[PDB]
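Have a look at the structure below before the remarks.
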Amino acid sequence: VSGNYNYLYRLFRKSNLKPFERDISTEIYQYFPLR
Amino acid sequence: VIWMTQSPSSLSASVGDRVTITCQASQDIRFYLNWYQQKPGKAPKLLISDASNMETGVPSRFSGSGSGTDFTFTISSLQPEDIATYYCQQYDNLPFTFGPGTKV
Amino acid sequence: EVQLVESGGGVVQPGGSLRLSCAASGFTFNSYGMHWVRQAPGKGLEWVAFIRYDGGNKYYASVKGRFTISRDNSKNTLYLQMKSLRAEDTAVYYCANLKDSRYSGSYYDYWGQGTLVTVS
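Residue numbers (the authors' numbering), protein chains in the order written: chain C, 445 to 474, 489 to 493; chain F, 1 to 104; chain G, 1 to 61, 63 to 121.
Encoded structure:
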């Protein structure tokens, strides 16, 4: 009800992922990458 | 592209003083940071690798630590031989980048 | 002893081109990746390019599309071909082997002396 903020997704990155790649970086996007 | 910054850009200290230089990454780099020291007219010399590991031959007065975005370089006691420009460099991903450089 | 020797510097005109080279000796050049780094008077260290040990994958910085990196492992020589040079490219160019636990794997850090390139 108050909102579940535990789940996050990446919005910003300098490139696209390769198959089964994982990125948990906090790079500032030219922005905080996760929302 | 990861952006690197350092603070202060320049500091004034005497022999025997404790010196600290802060390096900050626009992106999380865990422990993949190198510290270099450059004297005028010379190529950069590596002092610290992987954030906190000292290179062989580097005096014990040098140290450093940190992880993620906030890293620290320290000289426990400044010597007359420690006057140089200090740079931090990230190698978490390509392209590799160097910070602005701090003048001691 | 380990040496890296840059050459091929000099003065060129804007829009022109210049090929730099770095002769390596004293170490297993053909097992390591190599970097180019430049430093202009009054500025800090700027990373330019990287090439893998087999001369296969190449990476570029501000220079992508103009500069080409290559190597010849039979001569232990690293090359940088710079086309369409601008006034902003005036710098001392170094070849280096940067300590890197993630990509090149180099456990040792080596630098050359640098060669000056002026564009005007």
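Don't be surprised by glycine CBs; every beta carbon is placed ideally from N, CA and C.
Relative to chain F, which residues along the stretch 449-470 of chain C have a C-beta separation below 9 angstroms, given in chain order?
-> Of all residues in the stretch 449-470 of chain C, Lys458, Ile468, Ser469, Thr470 have a Cβ within less than 9 angstroms of some Cβ in chain F.
Using a Cβ-Cβ cut-off of 9 angstroms, state whether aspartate 28 of chain F counts as contacting chain G.
-> For the purposes of this step, residue 28 of chain F is taken as residue 28 along the second sequence, with counting starting at 1. For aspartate 28 of chain F, not one C-beta of chain G is nearer than 9 angstroms to its own C-beta.
Between the beta-carbon of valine 104 of chain F and the beta-carbon of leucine 11 of chain F, is there less than 9 angstroms?
-> In the second sequence, residue 104 of chain F corresponds to position 104, counting from 1. In the second sequence, residue 11 of chain F corresponds to position 11, counting from 1. Yes, they are a contact pair.
For a contact meaning CB atoms closer than 8 angstroms, what does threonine 69 of chain F contact in chain C?
-> Position 69 of the second sequence holds residue 69 of chain F. Residues of chain C passing the Cβ test: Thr470.
Just to confirm, are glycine 41 of chain F and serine 52 of chain F a CB contact at a threshold of 9 angstroms?
-> The sequence position of residue 41 of chain F within the second sequence is 41, counting from 1. The sequence position of residue 52 of chain F within the second sequence is 52, counting from 1. The Cβ atoms of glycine 41 of chain F and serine 52 of chain F do not sit closer than 9 angstroms to each other.
Option nearest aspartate 50 of chain F by Cα separation, candidates F:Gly68, F:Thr85, F:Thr5 = Numbered from 1 along the second sequence, position 50 holds the residue referred to as residue 50 of chain F. Comparing Cα positions, the closest option is F:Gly68.
May I ask which residues mark the beginning and end of the beta strand (DSSP E) holding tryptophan 3 of chain F?
-> By one-based count along the second sequence, residue 3 of chain F stands at place 3. If you look at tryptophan 3 of chain F, you'll find it isn't in any beta strand (DSSP E); DSSP assigns it neither H nor E.
Are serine 17 of chain G and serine 85 of chain G close, meaning C-beta to C-beta below 9 angstroms?
-> For the purposes of this step, residue 17 of chain G is taken as the residue at position 17 of the third sequence. For the purposes of this step, residue 85 of chain G is taken as the residue at position 84 of the third sequence. Contact flag set, yes.
Roughly how far, in whole angstroms, is the beta-carbon of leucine 45 of chain G from the beta-carbon of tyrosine 87 of chain F, given that I think they are within contact range, below 8 angstroms?
-> Here residue 45 of chain G is taken as the residue at index 45 of the third sequence, counted from 1. Here residue 87 of chain F is taken as the residue at index 87 of the second sequence, counted from 1. Confirmed, about 6 angstroms.
Tell me whether the beta-carbon of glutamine 27 of chain F lies closer than 9 angstroms to the beta-carbon of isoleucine 48 of chain F.
-> On the second sequence, residue 27 of chain F is found 27 positions in, with the first residue counted as 1. On the second sequence, residue 48 of chain F is found 48 positions in, with the first residue counted as 1. When the beta-carbon positions are compared, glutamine 27 of chain F and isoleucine 48 of chain F stay at least 9 angstroms from each other.
Buried or exposed by the 16-neighbour rule on C-beta atoms within 10 Å, applied to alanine 61 of chain G | On the third sequence, position 61 is the one that residue 61 of chain G refers to. Classification of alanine 61 of chain G: buried, given that the 10 Å Cβ count is 16 or more.
Sequence-distant residues of the same chain with beta carbon closer than 8 angstroms to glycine 16 of chain F, five excluded per side | Locating residue 16 of chain F in the second sequence gives position 16, counting from the first residue. Excluding residues within five positions, the ones whose Cβ falls inside 8 angstroms are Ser77, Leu78.
From G:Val118, G:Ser105, G:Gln82, G:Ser107, pick the residue whose C-alpha is nearest to that of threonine 91 of chain G; which is it?
-> Counted from its first residue, the third sequence places residue 91 of chain G at position 90. Here the closest residue by C-alpha is G:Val118.
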